[PDB]
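> So I've got this experimental structure, pasted below with the sequence.
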Protein chains: 2
Amino acid sequence: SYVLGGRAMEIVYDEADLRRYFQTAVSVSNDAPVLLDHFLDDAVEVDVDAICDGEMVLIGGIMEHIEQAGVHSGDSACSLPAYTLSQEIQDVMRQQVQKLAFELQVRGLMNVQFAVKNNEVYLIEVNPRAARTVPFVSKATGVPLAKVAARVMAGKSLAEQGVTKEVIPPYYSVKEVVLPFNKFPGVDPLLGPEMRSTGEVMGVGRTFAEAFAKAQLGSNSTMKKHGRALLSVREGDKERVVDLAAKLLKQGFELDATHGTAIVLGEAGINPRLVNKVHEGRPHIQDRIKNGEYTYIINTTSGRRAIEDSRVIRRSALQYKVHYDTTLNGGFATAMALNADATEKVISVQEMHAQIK
Amino acid sequence: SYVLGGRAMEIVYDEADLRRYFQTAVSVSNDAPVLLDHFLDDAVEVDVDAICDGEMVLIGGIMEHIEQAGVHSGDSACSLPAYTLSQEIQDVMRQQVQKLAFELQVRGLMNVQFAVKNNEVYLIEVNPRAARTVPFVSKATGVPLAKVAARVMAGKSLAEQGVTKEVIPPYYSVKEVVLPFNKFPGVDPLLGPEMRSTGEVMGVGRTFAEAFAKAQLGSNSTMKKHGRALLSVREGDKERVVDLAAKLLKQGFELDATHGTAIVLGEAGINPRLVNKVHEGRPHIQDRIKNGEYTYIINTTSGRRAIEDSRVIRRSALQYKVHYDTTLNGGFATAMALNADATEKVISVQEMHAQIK
Ligand SMILES: Nc1ncnc2c1ncn2[C@@H]1O[C@H](COP(=O)(O)OP(=O)(O)NP(=O)(O)O)[C@@H](O)[C@H]1O
Ligand SMILES: Nc1ncnc2c1ncn2[C@@H]1O[C@H](COP(=O)(O)OP(=O)(O)NP(=O)(O)O)[C@@H](O)[C@H]1O
Ligand SMILES: NCCC[C@H](N)C(=O)O
Ligand SMILES: NCCC[C@H](N)C(=O)O
Ligand SMILES: [Cl-]
Ligand SMILES: [K+]
Ligand SMILES: [K+]
Ligand SMILES: [Mn+2]
Ligand SMILES: [Mn+2]
Ligand SMILES: [Mn+2]
Ligand SMILES: [Mn+2]
């Protein structure tokens, strides 16, 4: 309870994992209780920032995360407006928030977090305050959300302000984060339910792929538009990995796939090059990563040990300035952006805000 | 001692392998000793049938085996003339035969066995009588050795008979064997030092390839000129496998391979399609073989345990009627055969013999 940035938050998988991470949860908890939630797999995460004045509720922005629920919103890349979420589903979300605002007695700013699994909208939480997304939203929308909510807090309704209709922008605005893993080498550069990033960037595009590509480049990525890609995905992702591989191939990448991931591609008509794990042969990935053999790496994991078992690729990839994704959705966006030219067109905030009708 | 067909013969890998097969070896030895011979790895096997009249030695034929030394002569396919052996080396063997014929006091037929390793002739054994290769060589050379040798035995010299020069036919002759593994399913259809074949066929061609293809077809092989091929080879064969894989590819085959093989092929630039062993996952080889996915199977093993590990490919390949090779040389030969038409041309023996000058 009473924490932001998911402080002391951890995905428990069993008995043990609990005893281990419970005290801590409590220590930061604030004489408030520790919630034990059930983990929604393959869920899309969503952030909603809104303003309620006791009369009305104004929808600031709906942001669809790239990375799935499980990866803190704070370490997630996000899109405004949504890039895959159905209108019907958004509308649902818009309603819930409203419901919440009022029930909550909200006055000023609020931020709501959801999860969309099998077309169902689940409630993650609500921050009865200004969230870290505001600036990004304000910038994307042209609507100085902090001002307004400030005004509201003071007595000047949204109506009196003349701010009542949710703004939907012409272009795509994508936020991407920057992680401090390079400062702390002894740390597993893996993402999760706890927030570890220090900053963020924003990409604006005609297309999601255009916005994404810009945010990525701005995030200081090392991603290349050619080369060899390494694909090492986890069981669940075994199905979509095939389509992502295809895109990479279409793009001119050559592929390598560790045992299990190759088995699947191949069974689908794609034959990657087999690569040996650390404990399998020589050369092994590490050698390969190290050799400046890859330009891209996609690696999904799942389970406390499987994670400590794959820690090496990540450390190496990070260590060798190789662009790497740890989420398949993340890989899909990375791929999509291959079809874009981050240095093609430049626009000003001014122009941006000018396109808004 | 005193056995033919490799009765009770076995390749031993350690002490205990030894203690397990020793008594059996003795039991069949005829109050004669058991030889312990160091195994000759990557060596070519050669058979030589000759007649000695105490005056002169007549070389009937030198047959080079397809399968290497270690696979019983009676279970190996063979070629007359030799198809890979240098003249220089064959000549070395012709002399050894003569030297032996004379020292041993041979009077009539004899059969000599050699192994070629590193351009070095090695003696395996001498069969002081007519051998199983006699009819084939006679048919191949047009010289009725049993008749000639019978006469020599009864008093008539080679000179007198006017059979004094070795015949080297204009065509290739290849012998192939038929194995009974299909009658005894609970058996691992592996080849070895002990003879298990029940019969043989003869293939005659303008080339080694033509000869082999004919031998292979008459041996009732299920081999196809297209399809998917399964490659699963041992460590030593890791070098020549590439060439083999390549050759299958140039022929239009589609490859599948297991882990290790796939690794090597990958390194060569060949990207087979990965296939799961039986302990690896699903579908696996067994499943795929069983499904009729394959038209050719090349599977080589090495060592008691590694043999017993791969037994299932062999047994399934058999049950499902897929052509399989258990030696790389075997595979290479098969490959060659791919470039020929066994149904193309036919020739009577009368006609073959007439082509001899
Ligand atoms: N039930 C759940 N299933 C899957 N993921 C979840 C679940 N609950 C939370 N998460 C993920 O874990 C993150 C952290 O949960 P949360 O309670 O929002 O932490 P927080 O510290 O309050 N964040 P914030 O106030 O925005 O700085 C969410 O952003 C989700 O990505
Ligand atoms: N040292 C060795 N290294 C490699 N292979 C060998 C060696 N000794 C024998 N072999 C193999 O073992 C087989 C059988 O040995 P061999 O002494 O010829 O048995 P055999 O019963 O007398 N045969 P046969 O009289 O021709 O029916 C040979 O054909 C070779 O394949
Ligand atoms: N949005 C967090 C950054 C993504 C990172 N490249 C990874 O795939 O983990
Ligand atoms: N001449 C021996 C038969 C070979 C069999 N196809 C296998 O390679 O074992
Ligand atoms: Cl580039
Ligand atoms: K997320
Ligand atoms: K042999
Ligand atoms: Mn919070
Ligand atoms: Mn949160
Ligand atoms: Mn013998
Ligand atoms: Mn022999």
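Cool, the structure landed. Numbers count the residues shown, from 1 in each chain, chains lettered A, B, ... in the order given. Ligands and ions are numbered 1, 2, ... in the order given.
> All the strands of the stretch 1-150 of chain A, in order from the start?
Assigned strands in the stretch 1-150 of chain A, in chain order: A:44-52, A:57-68, A:78-80, A:108-117, A:120-127 (criterion: DSSP state E, counting those that start in this stretch).
> Please name whichever of those strands is nearest to residue A:259.
strand A:57-68 (24.7 Å; CB to CB). The way it works is simple: take the backbone N, C-alpha and C, and place the C-beta from them, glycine included.
> Would you list the strands that that closest one pairs with, along with their directions?
Strand A:57-68 has the following strand partners under DSSP bridges: strand A:44-52 (antiparallel), strand A:78-80 (antiparallel).
> Backbone dihedrals for the closest residue to residue A:13 other than its chain neighbours, both of them.
Spatial nearest neighbour of residue A:13, chain neighbours left out: residue A:304 (6.1 Å); criterion: CB to CB, 6 or more residues apart in numbering or on different chains. Backbone geometry at residue A:304, expressed as degrees, to the nearest 10, gives phi -30, psi -40.
> Endpoint to endpoint, stretch A:160-178 covers what distance?
End-to-end distance for stretch A:160-178, by CA to CA, to the nearest Å: 39 Å.
> what separates it from the chain centre, distance-wise?
Centre-to-centre, stretch A:160-178 and its host chain are 18 Å apart (CA atoms, centre = their mean, to the nearest Å).
> hey, where'd the helices end up in chain A?
Taking DSSP state H as the test, the helices found in chain A are A:15-28, A:87-104, A:134-141, A:145-154, A:158-161, A:208-218, A:241-250, A:259-266, A:285-290, A:304-308, A:311-319, A:328-336, A:349-354.
> Which of those helices sits closest to residue A:119?
Distance to residue A:119, taken as CB to CB, is lowest for helix A:87-104 among the helices of chain A, at 6.6 Å.
> by how many degrees do that closest one and strand A:120-127 diverge?
40 degrees (axes from the mean of the first three to the mean of the last three CA atoms, to 10 degrees).
> Helix A:87-104 packs against which elements?
Packing partners of helix A:87-104 (3 or more CB pairs under 8 Å, 6 or more residues apart in numbering or on different chains; DSSP states H and E): strand A:44-52, strand A:57-68, strand A:108-117, strand A:120-127.
> near ligand 1 at all, the shortest one?
Yes: residues of strand A:120-127 contacting ligand 1 under CB under 6 Å from any ligand atom: A:124-125, A:127.
> what comes up buried for stretch A:118-131?
Judged by neighbour count using 16 or more other CB atoms under 10 Å in any protein chain shown, the buried positions of stretch A:118-131 are A:124, A:126-128, A:130-131.
> okay, the strands paired with strand A:57-68 in TSV with distance to residue A:204 next?
Output for the strands paired with strand A:57-68, formatted as TSV (distance: least, CB to CB, whole Å):
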stretch	distance to residue A:204
strand A:44-52	18
strand A:78-80	10
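> Those strands: which one's closest to ligand 6?
Nearest to ligand 6 among the strands paired with strand A:57-68 is strand A:44-52; the distance by CB to the ion comes to 3.4 Å.
> Go ahead and produce PDB holding the CA coordinates of the closest one.
This file holds the C-alpha atoms of strand A:44-52, laid out as PDB (Å, rounded to 0.1, in the frame of the first residue of the first chain):
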ATOM      1  CA  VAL A  44      -2.300  -5.500 -22.600                       C
ATOM      2  CA  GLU A  45      -1.600  -2.700 -20.100                       C
ATOM      3  CA  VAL A  46      -3.300   0.600 -20.200                       C
ATOM      4  CA  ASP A  47      -3.000   4.000 -18.600                       C
ATOM      5  CA  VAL A  48      -5.700   6.600 -18.300                       C
ATOM      6  CA  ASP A  49      -5.200  10.100 -17.100                       C
ATOM      7  CA  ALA A  50      -8.400  12.000 -16.400                       C
ATOM      8  CA  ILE A  51      -9.800  15.100 -14.700                       C
ATOM      9  CA  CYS A  52     -13.100  15.100 -12.700                       C
END
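> Any part of that strand near ligand 6?
Yes: Strand A:44-52 comes into contact with ligand 6 (CB under 5 Å from the ion), by way of residue A:45.
> Now do that strand against helix A:134-141, angle only.
90 degrees.
> okay, the angle between strand A:44-52 and helix A:145-154?
Computed with the same axes, to 10 degrees, the direction of strand A:44-52 lies at 40 degrees from that of helix A:145-154.
> Is ligand 3 within reach of strand A:44-52?
No: applying CB under 6 Å from any ligand atom, one finds strand A:44-52 out of contact with ligand 3, separated by at least 11.5 Å.
> go on, stretch A:129-148?
No: Stretch A:129-148 does not reach ligand 3 (CB under 6 Å from any ligand atom); its nearest approach is 13.7 Å.
> And that stretch, how far out from the chain middle?
19 Å.
> where's the residue nearest to residue A:235 when sequence neighbours are not counted relative to residue A:179, distance?
Leaving aside its sequence neighbours, residue A:235 sits nearest to residue A:302 (CB to CB, 6+ apart; 6.7 Å). According to CB to CB, to the nearest Å, residue A:302 and residue A:179 sit 20 Å apart.
> between those two, who's got more neighbours?
Neighbour comparison, residue A:302 and residue A:179: the larger count goes to residue A:179, with 18 against 14 (by other CB atoms under 10 Å in any protein chain shown).
> now the strands: where do they sit in the stretch 151-300 of chain A?
Secondary structure of the stretch 151-300 of chain A by DSSP E, counting those that start in this stretch: the strands cover A:172-178, A:199-205, A:227-232, A:253-258, A:273-275, A:296-299.
> Can you lay out those as JSON lines showing distance to ligand 3?
Shown next, in JSON lines, are the strands of the stretch 151-300 of chain A (distance: least, CB to the nearest ligand atom, whole Å):
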{"stretch": "strand A:172-178", "distance to ligand 3": "5"}
{"stretch": "strand A:199-205", "distance to ligand 3": "9"}
{"stretch": "strand A:227-232", "distance to ligand 3": "13"}
{"stretch": "strand A:253-258", "distance to ligand 3": "17"}
{"stretch": "strand A:273-275", "distance to ligand 3": "19"}
{"stretch": "strand A:296-299", "distance to ligand 3": "8"}
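> Which one, of those, ends up nearest to residue B:36?
strand A:273-275 (41.1 Å).
> Mind listing the strands that closest one pairs with, and their directions?
Take DSSP bridges as the rule and strand A:273-275 pairs in its sheet with strand A:253-258 (parallel).
> and the partner strand, is it in reach of ligand 5?
No: counting by CB under 5 Å from the ion, no contacts exist between strand A:253-258 and ligand 5, the nearest distance being 11.5 Å.
> hmm, who's touching that strand?
Outside strand A:253-258, the residues within contact range by CB atoms under 8 Å, 6 or more residues apart in numbering or on different chains are A:226-232, A:245, A:248-249, A:265, A:270, A:272-277, A:285, A:288, A:294-296.
> which residues touch the residue most central in space within chain A?
For chain A, the residue nearest the mean C-alpha position is residue A:76 (2.5 Å; CA atoms, centre = their mean). Shown here is residue A:76, whose contacts under the criterion CB under 8 Å, 6+ apart are A:45, A:65-67, A:177.
> For the residues you listed, give me a markdown table that also has distance to ligand 2 and neighbour count.
Output for the contacts of residue A:76, formatted as a markdown table (distance: CB to the nearest ligand atom, whole Å; neighbours: other CB atoms under 10 Å in any protein chain shown):
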| residue | distance to ligand 2 | neighbour count |
| --- | --- | --- |
| A:45 | 66 | 24 |
| A:65 | 66 | 25 |
| A:66 | 63 | 27 |
| A:67 | 61 | 23 |
| A:177 | 66 | 21 |
